[PDB]
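S.K.: If you scroll down you'll find the structure; I have some questions about it.
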Amino acid sequence: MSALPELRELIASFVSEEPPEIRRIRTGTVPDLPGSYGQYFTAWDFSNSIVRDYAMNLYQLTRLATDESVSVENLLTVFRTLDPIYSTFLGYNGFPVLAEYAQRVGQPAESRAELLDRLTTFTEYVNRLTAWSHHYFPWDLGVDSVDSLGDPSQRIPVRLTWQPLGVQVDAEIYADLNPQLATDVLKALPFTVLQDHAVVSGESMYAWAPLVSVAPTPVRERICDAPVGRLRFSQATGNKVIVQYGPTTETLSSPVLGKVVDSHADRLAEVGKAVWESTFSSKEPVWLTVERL
Amino acid sequence: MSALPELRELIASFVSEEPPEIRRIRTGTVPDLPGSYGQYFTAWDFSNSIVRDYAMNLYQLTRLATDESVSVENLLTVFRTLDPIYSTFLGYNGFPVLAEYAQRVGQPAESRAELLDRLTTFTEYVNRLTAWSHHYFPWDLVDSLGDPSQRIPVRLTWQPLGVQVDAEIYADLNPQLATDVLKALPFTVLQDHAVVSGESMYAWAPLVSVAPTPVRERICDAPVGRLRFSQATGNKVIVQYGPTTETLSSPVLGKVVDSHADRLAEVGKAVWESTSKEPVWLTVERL
């Protein structure tokens, strides 16, 4: 069935509409008034950061609900230690409903039924809150080929569309490299989600996709070593579809999803300039649509 | 024997000196130059936040090694699942040694004592990295319960302010917590101010108490002069000298006597601006 049905309508509402929480935090109208000495930028820094790291904790707890070596009640114990501290502080720092649903996950309700699904739903919920926080946070104040490796018949064509940019690139999903990962993304297609730029990785863009893929990733590519047009699906940082359009420095391995065709790789730099303008200063909503051709 | 004595040497040195990582991140001397565009404040904002939120993960894992229902094979599984995304990103974002010692904690610790000490040593290591990052981060952009005779006096002195209050630790309310805190006396650690609660000051103490805390007080309900030892947010001693808004309940460690509570407002005024990022030291000692 549905773990927390009231959450699924909230995940559906927040893929397109801004959550009231991100608004009250960014406008300094959080009810309890967090922040020291007349100012709320520091509490803003703690809401942006804690809601982000909480989401990383929740995702790995979702991956743990799949591990059968870890006992079910043992996992419920682990969840009822790290989650509480993050929840009640987020409940005080502008995320009250996030705090309330966290206790509902920390319940001995059944086993696995209320472990995997509950986290999945809640993890997708907190990743959507983190998506809007990353968008509306004032960052302005401060080898061999994997593309060749693989059956050419397992390439699934997709088109990326940025509005109101009006730009469309054509990409290719690598479905034989990470089978279940590609299946998890194609079953979520099509989706239109807010587009944001990477803030530490360099010339890269990521958008939180509406899914919680727990699929294995046998093929992973180092980010800094990714070609122009690289499609990556980072499950650990919030199930994001990442499009790299230039040089990046992050040396970590992220799952490989595919790549934009070379004829359309020239149009990614302009979109990245506009999307960086969307995350760094303007805060103007640039939407991304991934769809199957 | 300690699990990682070379880490214990780093924890001892960082009480008075700034870690070499915290220096380069605050100055933008990270080797691969992280951060988008030409600015590095985002890499700074991520290093301060990720290492602060990582220490909380490490502390609850340290508390999980006391749970005997969770097996050492199971705690190592939750470690080898939740740790990498935080350790490898920190290793790239200016904490390479933190990444190195993180895998060494996830080894097949033959015993729960072996794994727990790896956690306790590493938790204090990351807690001091969070302490110096919190100090140099540009943010400018129940008393009647128990018996009085069951309470131990201490003396707090802030340099170079020269301000000295006399406090009283309630050793009967949270016995294990108070015992674990007194064992660190005397200690001189950097004093910082709270940035989200209100008029409060905390300083990271050189210990990792996982002692039970039966008596916890809501911060918004805490009187002026309240001594709190929050184990979850990095084992720091907190002195509230004015109004606070945080509604979370932190363990009660003691309180500065009413006679010297008039002297706390001045220190907090010269500590809020110190967190200017100018260092201020705190010495707590047994009288």
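S.K.: Could you please find all residues in the stretch A:208-226 being more than 20 Å from B:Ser36 (Cβ to Cβ) and among the basic types (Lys, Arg)?
M.R.: Listed by number, the list holds a single entry, A:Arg220.
S.K.: Follow-up. Examine the stretch B:139-157 for a residue that is more than 14 Å from chain A (Cβ to nearest Cβ) and of a type in the set (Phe, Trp, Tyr), and state whether such a residue exists.
M.R.: Pass one, the stretch B:139-157, residues more than 14 Å from chain A (Cβ to nearest Cβ): B:142-157.
Cutting the leftovers down to of a type in the set (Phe, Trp, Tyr) gives us none.
No - not one qualifying residue is present in the stretch B:139-157.
S.K.: Starting from residues that are under 23 Å from A:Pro157 (Cα atoms) and acidic (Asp, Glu), keep the ones in the stretch A:246-266 and report whichever is surrounded by the fewest Cβ atoms within 10 Å (Cβ to Cβ).
M.R.: Top of the filtered list is A:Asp262.
S.K.: Condition first: within 21 Å of the chain's Cα centre (by Cα) and surrounded by fewer than 18 Cβ atoms within 10 Å (Cβ to Cβ). Can you find one or more residues in the stretch B:97-114 that meet it? First the steps, then the outcome.
M.R.: Within the stretch B:97-114, the subset within 21 Å of the chain's Cα centre (by Cα) is B:97-99, B:101-102, B:105.
Checking the rest, the ones that are also surrounded by fewer than 18 Cβ atoms within 10 Å (Cβ to Cβ) come to B:97.
Yes, some residue in the stretch B:97-114 is within 21 Å of the chain's Cα centre (by Cα) and surrounded by fewer than 18 Cβ atoms within 10 Å (Cβ to Cβ).
S.K.: If you don't mind, there's one more thing I want to ask. Does B:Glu9 fit the bill of being among the acidic types (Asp, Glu), more than 7 Å from every other protein chain (Cβ to nearest Cβ), in a helix (DSSP H, G or I) and surrounded by fewer than 16 Cβ atoms within 10 Å (Cβ to Cβ)? Let's see the steps before the verdict.
M.R.: Values: among the acidic types (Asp, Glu): yes; more than 7 Å from every other protein chain (Cβ to nearest Cβ): yes; in a helix (DSSP H, G or I): yes; surrounded by fewer than 16 Cβ atoms within 10 Å (Cβ to Cβ): yes.
Spelling it out, B:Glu9 is indeed among the acidic types (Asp, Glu), more than 7 Å from every other protein chain (Cβ to nearest Cβ), in a helix (DSSP H, G or I) and surrounded by fewer than 16 Cβ atoms within 10 Å (Cβ to Cβ).
S.K.: For the stretch A:110-132, what are the residues that are in contact with a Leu (Cβ under 7 Å, 6 or more places away or on another chain) and either hydroxyl-bearing (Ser, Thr, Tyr) or within 14 Å of chain B (Cβ to nearest Cβ) (or both)?
M.R.: Across the stretch A:110-132, the qualifying residues are A:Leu115, A:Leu119, A:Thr121, A:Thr123, A:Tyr125, A:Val126.
S.K.: So is A:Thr183 within 22 Å of A:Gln154 (Cα to Cα) and hydroxyl-bearing (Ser, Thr, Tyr) or not?
M.R.: Working: within 22 Å of A:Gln154 (Cα to Cα): yes; hydroxyl-bearing (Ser, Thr, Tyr): yes.
It is true that A:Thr183 is within 22 Å of A:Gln154 (Cα to Cα) and hydroxyl-bearing (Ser, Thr, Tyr).
S.K.: Restricting to the stretch B:264-284, count the residues that are over 18 Å from the mean Cα position of the chain (by Cα) and among the polar types (S, T, N, Q).
M.R.: 1
S.K.: Okay, next question. Only residues that are part of a helix (DSSP H, G or I) and not small (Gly, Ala, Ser): list them for the stretch B:12-28, please.
M.R.: The first filter runs over the stretch B:12-28 and keeps only residues part of a helix (DSSP H, G or I), leaving B:12-13, B:20-27.
Across the stretch B:12-28, the qualifying residues are B:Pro20, B:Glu21, B:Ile22, B:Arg23, B:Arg24, B:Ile25, B:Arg26, B:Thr27.
S.K.: Among the residues of the stretch B:221-234, what is the count of those that are within 12 Å of chain A (Cβ to nearest Cβ) and among the aromatic types (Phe, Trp, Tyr)?
M.R.: 0
S.K.: Can you tell me which residue within the stretch A:31-53, out of those that are within 14 Å of A:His134 (Cβ to Cβ) and aliphatic (A, V, I, L, M), is nearest to the other protein chains (Cβ to nearest Cβ)?
M.R.: In the first step, residues of the stretch A:31-53 are kept if they are within 14 Å of A:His134 (Cβ to Cβ); the result is A:44-45, A:47-53.
Keeping just the survivors that are aliphatic (A, V, I, L, M) gives A:50-51.
On the way: A:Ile50: 6, A:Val51: 10 Å.
Going through the qualifying residues, I end up with A:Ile50.
S.K.: Additional query: Which count do you get for residues in the stretch B:214-232 that are surrounded by 22 or more Cβ atoms within 10 Å (Cβ to Cβ) and of a type in the set (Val, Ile, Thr)?
M.R.: 1
S.K.: Next question. Does the stretch A:29-61 hold any residues that are in contact with a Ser or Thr (Cβ under 8 Å, 6 or more places away or on another chain), small (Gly, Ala, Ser) and not in a helix (DSSP H, G or I), and which are they?
M.R.: A:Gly35, A:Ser36, listed by residue number.
S.K.: Of A:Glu250, A:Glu270, which residue is touching a strand residue (DSSP E or B) at 6+ places or on another chain (Cβ under 8 Å) and either assigned to a loop (DSSP other than H, G, I, E, B) or within 26 Å of A:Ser148 (Cβ to Cβ) (or both)? Outline the logic, then answer.
M.R.: Values: A:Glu270 fails: either assigned to a loop (DSSP other than H, G, I, E, B) or within 26 Å of A:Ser148 (Cβ to Cβ) (or both).
Just one listed residue meets the conditions, A:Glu250.
S.K.: Restricting to the stretch B:60-109, what's the tally of residues that are more than 8 Å from every other protein chain (Cβ to nearest Cβ) and among the aromatic types (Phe, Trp, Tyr)?
M.R.: 3
S.K.: Here are B:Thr130, B:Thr179, B:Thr123: which of them is of a type in the set (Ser, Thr, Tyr) and in contact with a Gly (Cβ under 7 Å, 6 or more places away or on another chain)? So that I can check it myself, show each step before the final result.
M.R.: Working: B:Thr179 fails: in contact with a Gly (Cβ under 7 Å, 6 or more places away or on another chain); B:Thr123 fails: in contact with a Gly (Cβ under 7 Å, 6 or more places away or on another chain).
None of the other options fit; the residue is B:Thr130.
S.K.: For A:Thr88, which of the numbered conditions (1) of a type in the set (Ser, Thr, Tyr); (2) surrounded by fewer than 20 Cβ atoms within 10 Å (Cβ to Cβ); (3) more than 19 Å from A:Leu7 (Cα to Cα) fails to hold?
M.R.: With respect to (1) of a type in the set (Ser, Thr, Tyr); (2) surrounded by fewer than 20 Cβ atoms within 10 Å (Cβ to Cβ); (3) more than 19 Å from A:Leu7 (Cα to Cα), A:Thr88 is out only on (3).
S.K.: Is it true that some residue in the stretch B:235-245 is part of a strand (DSSP E or B), of a type in the set (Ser, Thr, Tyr) and either away from chain A (no Cβ under 14 Å) or surrounded by 16 or more Cβ atoms within 10 Å (Cβ to Cβ) (or both)? Write out each step before concluding.
M.R.: Step one: filter the stretch B:235-245 for residues part of a strand (DSSP E or B), giving B:236-244.
Within this subset, residues satisfying the condition of being of a type in the set (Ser, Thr, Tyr) are B:241, B:244.
Going one step further and asking which of them are either away from chain A (no Cβ under 14 Å) or surrounded by 16 or more Cβ atoms within 10 Å (Cβ to Cβ) (or both), we end up with B:241, B:244.
Yes, the stretch B:235-245 contains at least one residue that is part of a strand (DSSP E or B), of a type in the set (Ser, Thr, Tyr) and either away from chain A (no Cβ under 14 Å) or surrounded by 16 or more Cβ atoms within 10 Å (Cβ to Cβ) (or both).
S.K.: Another question, if that's okay. Go through A:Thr81, A:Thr29 for me and flag whichever is more than 24 Å from B:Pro84 (Cβ to Cβ) and of a type in the set (S, T, N, Q). Before the answer, list the steps.
M.R.: Numbers: A:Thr81 fails: more than 24 Å from B:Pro84 (Cβ to Cβ).
Result: A:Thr29 is the single residue among A:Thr81, A:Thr29 that is more than 24 Å from B:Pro84 (Cβ to Cβ) and of a type in the set (S, T, N, Q).
S.K.: Restricting to the stretch B:246-273, name every residue that is among the polar types (S, T, N, Q) and within 13 Å of chain A (Cβ to nearest Cβ). Before the answer, list the steps.
M.R.: Initially, the stretch B:246-273 is screened for residues among the polar types (S, T, N, Q), giving B:247, B:249-250, B:259.
Answer for the stretch B:246-273, where residues must be among the polar types (S, T, N, Q) and within 13 Å of chain A (Cβ to nearest Cβ): B:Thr247, B:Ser249, B:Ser250.
S.K.: What number of residues within the stretch A:180-200 satisfy the criterion of being under 23 Å from A:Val15 (Cα atoms) and assigned to a loop (DSSP other than H, G, I, E, B)?
M.R.: 5
Cβ coordinates were reconstructed from backbone atoms using ideal geometry, including for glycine residues, and neighbour counts include every protein chain displayed. None of the figures in this text is laboratory data; all of them are computed from the coordinates on show.
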